[PDB]
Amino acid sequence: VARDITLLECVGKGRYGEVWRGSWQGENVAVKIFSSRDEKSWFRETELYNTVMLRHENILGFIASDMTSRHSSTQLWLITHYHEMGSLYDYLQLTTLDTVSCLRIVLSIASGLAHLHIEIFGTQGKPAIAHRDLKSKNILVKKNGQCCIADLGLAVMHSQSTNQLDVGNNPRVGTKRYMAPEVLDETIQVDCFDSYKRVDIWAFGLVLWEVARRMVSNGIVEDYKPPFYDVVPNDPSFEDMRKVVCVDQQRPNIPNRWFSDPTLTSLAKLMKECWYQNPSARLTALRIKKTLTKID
């Protein structure tokens, strides 16, 4: 089917490869073409899409995964639904948010992440899945104002039936800017599936921060900024992050104007419960989901 996709324009590009707006069967599609060095991620994401029943409103839906030759060389493609509003990263720089829009975004993400983390038994079930590269560029905004989570190339899996933690075999590591302290300082218990969920929760708190900044209260709003924008450069090194997060113990600042708004007050408390040093102390995805469902 890759043969029948017309590529229209590149809408994203990095070390991972490229993403194109494509045309297939009269519809827009997104086509990720992986770079020659990220093949293990293609393989992992193709694995999940072909073996795990993983359909959910807030998880990017796959159309197909192909191996195609483009002028005497094999490319690995992932074809998915196309979301014209773009990633959450771009969207937040192009608009501000009201309370309703802000809460739909962060609840839809929590709902997606809770569905990954929870094992489902029986016929149409799935193992537990930790994401491990959660960030605002890996979240797409839908026209209905909810989001969906993309990029399963680092997923780890677990099934209670087995002692079996399925970590794959991918040299890729998570985005440094969003790595939790226990990943930066290499004390993460790599044999414990729960450790990976607590890493997703750390990174979720950062996304929550990023989105809350863009909700208007009392007529004012903060500029879009990425986590730790003030203390690390662009493309921060491993050591930059370790210094800020581990040695200096820093966390994103809460703007004072948030305390004059009850929603932002509740989101401030929530995000700080994603950031405890002790990974065991952090909220679960399901607790976040429930809490955001009650926030008004």
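Rigid core: the largest C-alpha set superposing within 1.5 Å between the two forms. Residue numbers here begin at 1 and follow the sequence given.
After superposition on the rigid core, the larger root-mean-square Cα deviation in 6 other deposited structures of this protein belongs to 73-81, not to the other of 103-111 and 73-81. With every structure aligned by its rigid core, 21-29 is the stretch of 21-29 and 283-291 whose CA positions lie farther away in 6 other deposited structures of this protein. Of the other entries compared for this protein that flank it with modelled residues, all give atoms for residue 201, so not even a third lack it. Residue 223, present in the displayed chain, carries coordinates in each of the other PDB entries compared that cover both sides of it, far from a third leaving it out. As listed in the deposited structure, the average C-alpha B-factor of 222-230 and of 67-75 is greater for 67-75. Per the PDB record, of the two stretches 132-140 and 178-186, 178-186 carries the greater mean B-factor over its C-alpha atoms.
Highest C-alpha temperature factor among 104, 115, 126, 213 per the entry: 126. The PDB entry assigns the greatest CA B-factor among 93, 217, 87, 160 to 160. In the deposited entry, the Cα temperature factor of residue 198 sits in the middle third of values across the chain's modelled residues. Annotation for residue 236: CA B-factor lies in the middle third of the chain's modelled residues. Annotation for residue 152: CA B-factor lies in the middle third of the chain's modelled residues. Compared with the other modelled residues of the chain, the Cα B-factor recorded for residue 37 ranks in the highest third. Residue 26: CA B factor lies in the highest third for its chain, per the PDB record.
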